[PDB]
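Let's start with one chain on its own, the form deposited in one PDB entry, as structure tokens.
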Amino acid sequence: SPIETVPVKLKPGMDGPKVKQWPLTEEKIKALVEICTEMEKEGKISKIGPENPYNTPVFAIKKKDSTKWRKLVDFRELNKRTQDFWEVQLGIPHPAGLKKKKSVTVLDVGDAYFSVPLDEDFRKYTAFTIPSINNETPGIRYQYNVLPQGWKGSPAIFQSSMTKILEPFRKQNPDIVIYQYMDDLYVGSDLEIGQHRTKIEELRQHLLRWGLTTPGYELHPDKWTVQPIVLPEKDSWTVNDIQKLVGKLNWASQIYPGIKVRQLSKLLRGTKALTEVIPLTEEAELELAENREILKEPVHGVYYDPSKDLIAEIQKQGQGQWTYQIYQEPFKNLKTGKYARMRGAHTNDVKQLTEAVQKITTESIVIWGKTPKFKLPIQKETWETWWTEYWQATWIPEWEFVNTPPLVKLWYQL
């Protein structure tokens, strides 16, 4: 109902974002432009000049099966420069209830955010520069007056007036757990979709004529969770065919300290010929099925500390197969999974890796209200080139690019 604007300070000892806008398709410029004009014609934004030293990249994303577009800005650089605002001062508890909750639903409503003026003394930071094809006309700048989507403060403030809008439901439906991240809103329940889905259609009319508007939908990440560390089953065991399962079970030890080697390690000590079939022991063969018994027993030491950063490494296992390991510390993965190519999809590395990076994160949030810093297995330039092409998440997780081959045939392979 728009009166009050909350002062926001940039975490002292710092400065603002100054990230260059990168190349965009002609479908995207004609996009942002048709957007950024309406957005100004209704004062959410205002042109600005070169006397403003700040910039944050932007772009569009045609929504899945949705013909209409949707602007988007890589504020990752700002949010990291305004955390104490929405961290220390305006923290967040632990909505564990949605984790176990049968069926959840993501509902984006950041669209509301625009009906709330933004601290003027701040706006100068929401600056983004639209570009031009072949560089005809110089960059067209802008700035925010309201609350910019994708900003972390944006929700952090609206958080109040939100809760309120939600009481005519939250209390009259305590069962259904409701969460809010960035621009998205989560509706975790424990009923059937024959209802849960219809219950969302109710939370719609509630939020609709209350002021807000909302544009395999549902989720139940628990009905998946971590995965095994599966071992090979043979009737014969060559020199290497063993020297392998040995090396693997060597690293698999740092994660599980309860695995044994000796019995399966003594099966040979001479410069034997790699292919010499040698199934060779009573206790060693017993040991195998033992170390095999540990890979059924979910590890120990995993303590989720919300006061540190979640990482995530991934693997390319051919045929739409991608394996990951959500973890905060070395060898203590608070979660690990595998992603398989969706039905009908084609074979495209990035197109996939992204989708992966997303689901991985979608989960991550509904499981820690945070996002993990992916350590991608692709080439910067390659990533940086097409990714944007395939994204769809109103947010954007941190990320780095790394290169390291699979020598222990990945504890996770298949």
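The term rigid core refers to the maximal set of C-alpha atoms that superpose within 1.5 Å between the two forms. Residue positions are given as counts along the sequence shown, with the first one as 1.
The form deposited in another entry is left out here; the points below concern that form.
Looking at CA displacements between this form and the one not shown with the core superposed, a shift of 2 Å or more is confined, among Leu334, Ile255, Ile165, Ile140, to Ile255. Annotation: Cα of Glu283 displaced by at least 2 Å between this form and the one not shown, core superposition. With a cut-off of 2 Å and the rigid core superposed, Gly320 has a Cα displacement that reaches or exceeds the cut-off between this form and the one not shown. The Cα position of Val246 differs by 2 Å or more between this form and the one not shown after fitting on the rigid core. Compared with the form shown here, the Cα atoms of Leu407 and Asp349 sit 3 Å or more closer together in the other entry. Inter-residue distance, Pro405 to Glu381 (Cα): reduced by at least 3 Å in the other entry versus the depicted form.
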